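Structure first, commentary second.
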Amino acid sequence: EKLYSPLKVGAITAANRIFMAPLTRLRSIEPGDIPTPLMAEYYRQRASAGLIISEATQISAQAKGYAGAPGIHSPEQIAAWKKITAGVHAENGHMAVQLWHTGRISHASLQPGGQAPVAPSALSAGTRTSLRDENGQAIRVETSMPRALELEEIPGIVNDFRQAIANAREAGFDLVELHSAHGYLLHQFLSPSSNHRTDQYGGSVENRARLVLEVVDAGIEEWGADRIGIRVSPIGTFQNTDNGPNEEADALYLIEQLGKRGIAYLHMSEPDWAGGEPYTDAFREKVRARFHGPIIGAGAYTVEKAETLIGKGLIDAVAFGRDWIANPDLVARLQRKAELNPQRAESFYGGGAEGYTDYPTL
Ligand SMILES: Cc1cc2nc3c(=O)[nH]c(=O)nc-3n(C[C@H](O)[C@H](O)[C@H](O)COP(=O)(O)O)c2cc1C
Numbered sequence: 004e005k006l007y008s009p010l011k012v013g014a015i016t017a018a019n020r021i022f023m024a025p026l027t028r029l030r031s032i033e034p035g036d037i038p039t040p041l042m043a044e045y046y047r048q049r050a051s052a053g054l055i056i057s058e059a060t061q062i063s064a065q066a067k068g069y070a071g072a073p074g075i076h077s078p079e080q081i082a083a084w085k086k087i088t089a090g091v092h093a094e095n096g097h098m099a100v101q102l103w104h105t106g107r108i109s110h111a112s113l114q115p116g117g118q119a120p121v122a123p124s125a126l127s128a129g130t131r132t133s134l135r136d137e138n139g140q141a142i143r144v145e146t147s148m149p150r151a152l153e154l155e156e157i158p159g160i161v162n163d164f165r166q167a168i169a170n171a172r173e174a175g176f177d178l179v180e181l182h183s184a185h186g187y188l189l190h191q192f193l194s195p196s197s198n199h200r201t202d203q204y205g206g207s208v209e210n211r212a213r214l215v216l217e218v219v220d221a222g223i224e225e226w227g228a229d230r231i232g233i234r235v236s237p238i239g240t241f242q243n244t245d246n247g248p249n250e251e252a253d254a255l256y257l258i259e260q261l262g263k264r265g266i267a268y269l270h271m272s273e274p275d276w277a278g279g280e281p282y283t284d285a286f287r288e289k290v291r292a293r294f295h296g297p298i299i300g301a302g303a304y305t306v307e308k309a310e311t312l313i314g315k316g317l318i319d320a321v322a323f324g325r326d327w328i329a330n331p332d333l334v335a336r337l338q339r340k341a342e343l344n345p346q347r348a349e350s351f352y353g354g355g356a357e358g359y360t361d362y363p364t365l
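Written as structure tokens, this is what we have:
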């Protein structure tokens with residue numbers, strides 16, 4: 004089938020089309036938010052994927068919203084990431100980094116100096132984040148009250164993204180994925196429910212899509228379009244945040260803007276039944292007419308759904324998450340039609356090797 008054929012995603016050529024979606028695991032070394040050698044073994048076992056989009060990596064210390072998430076702003080962090088990308092490349096694999104800014108989804112205890120997290124508006128998130136207790140295990144705590152970002156502070160955010168993209172090329176990554184999704188800073192400014200600003204960065208799709216389109220333009224200049232990809236969640240409710248009443252009209256604007264820049268790929272996170280309506284083939288046809296590059300689909304995907312959409316030319320690859328968590332040889336299991344290992348969800352956040360590198364291969 005086409006799920007096992009090469010695809011040109013940006014400047015690299017993926018071996019297959021069964022990608023590994025970004026999966027936050029909260030296994031970094033604290034203090035410092037430094038990747039660990041155990042994470043290198045984790046990504047090494049799953050190098051069979053055509054493209055490995057790493058866990059959400061903070062662009063700066065202000066972007067730390069989850070205790071245990073890795074960073075790519077410190078020299079000690081870039082050193083560990085260089086060792087991880089080396090192992091993935093040593094197994095004929097391709098790995099990409101997902102740069103994010105947690106924004107309002109954060110806790111003041113993790114922010115530098117105990118300050119309140121930043122956001123487009125001071126509206127709360129309503130969701131919960133993950134911290135660490137005395138024993139180091141993950142605990143669910145409510146998000147702190149965010150602070151409205153000042154217009155003079157927005158160029159500082161764009162610069163930290165460009166600096167993180169620069170460190171990503173230094174860390175040996177093949178591509179970069181920007182977390183414009185799941186109710187995070189770049190999303191917080193894209194959804195009317197999250198951005199009640201009155202400046203040039205709020206109040207209209209153009210004003211609510213400028214910041215993200217800027218970071219995309221910053222990456223295009225620092226590295227190149229072939230190396231910059233974006234994950235978007237334009238339709239549906241993800242992590243207690245919706246996309247306003249004109250989600251479909253505002254989606255086609257940002258997609259057409261990203262389609263005129265020639266970015267590497269477009270990773271669309273699809274909602275389940277609780278979030279919203281599934282992606283209609285009429286809506287997918289509108290997205291493909293504006294974005295002429297590789298489109299990566301994720302969200303309750305099966306091998307049947309992936310093959311059908313790839314044949315229709317609506318998507319070029321599929322990204323699995325929990326299946327890659329529990330099946331390190333997922334590409335082998337899906338081609339041989341074998342059984343998938345059970346997913347132990349209690350070990351998805353925090354802990355050690357249990358639930359991380361203990362899943363056996365075929
Ligand atoms: C433990 C866990 C952590 C996740 N962390 C991220 C993240 O950091 N950034 C992101 O874009 N998506 C994240 N996701 C969502 C996945 O990327 C993927 O879109 C989602 O799991 C789709 O479900 P699926 O496995 O059925 O395809 C996470 C999912 C899980 C289960």
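The sequence shown begins at 4 in full-length UniProt numbering and counts up by one. Think of the CB as a built atom: it goes at the ideal place given N, C-alpha and C, for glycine as much as any other residue.
Within its own chain, the residues whose Cβ lies closer than 7 Å to the Cβ of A254, once the five positions on either side in sequence are excluded, are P237 and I238, listed in chain order. In this structure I168 does not touch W103 by the C-beta definition: roughly 12 Å separates them, more than the 8 Å allowed. Residue state for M23 is assigned as strand, using DSSP reduced to three classes. By the Cβ-count criterion, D319 is buried, with 16 or more other Cβ atoms from all chains shown falling within 10 Å of its own Cβ. In this structure, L337 and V290 do not form a Cβ contact; the two beta carbons are roughly 25 Å apart against a cut-off of 8 Å. By the Cβ neighbour-count rule, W276 is exposed, with fewer than 16 other Cβ atoms within 10 Å of its own. Nearest to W84 by alpha-carbon distance, out of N138, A252, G175 and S124, is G175.
Cβ neighbours of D136 within its own chain (closer than 8 Å, five residues either side excluded): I142. Secondary structure of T88 (DSSP, three-state): helix. For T244, same chain residues with a beta-carbon under 7 Å away, outside a window of 5 residues either side, are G186, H190, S194, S196 and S197 in chain order. Taking one beta carbon from each stretch, the stretch 206 to 225 and the stretch 278 to 286 have fewer than 3 pairs nearer than 8 Å; the two do not touch. With distances taken between CA atoms, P38 lies nearest to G355 out of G355, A24, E155 and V218. Between the stretch 59 to 72 and the stretch 100 to 118 there are three or more C-beta pairs closer than 8 Å, enough to call the two in contact. A Cβ-Cβ separation of about 6 Å places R30 in contact with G71 under the 8 Å criterion. The DSSP-derived three-state label of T311 is helix. Counting the other CB atoms within 10 Å of its CB gives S133 a total of 16 or more, which places it among the buried residues.
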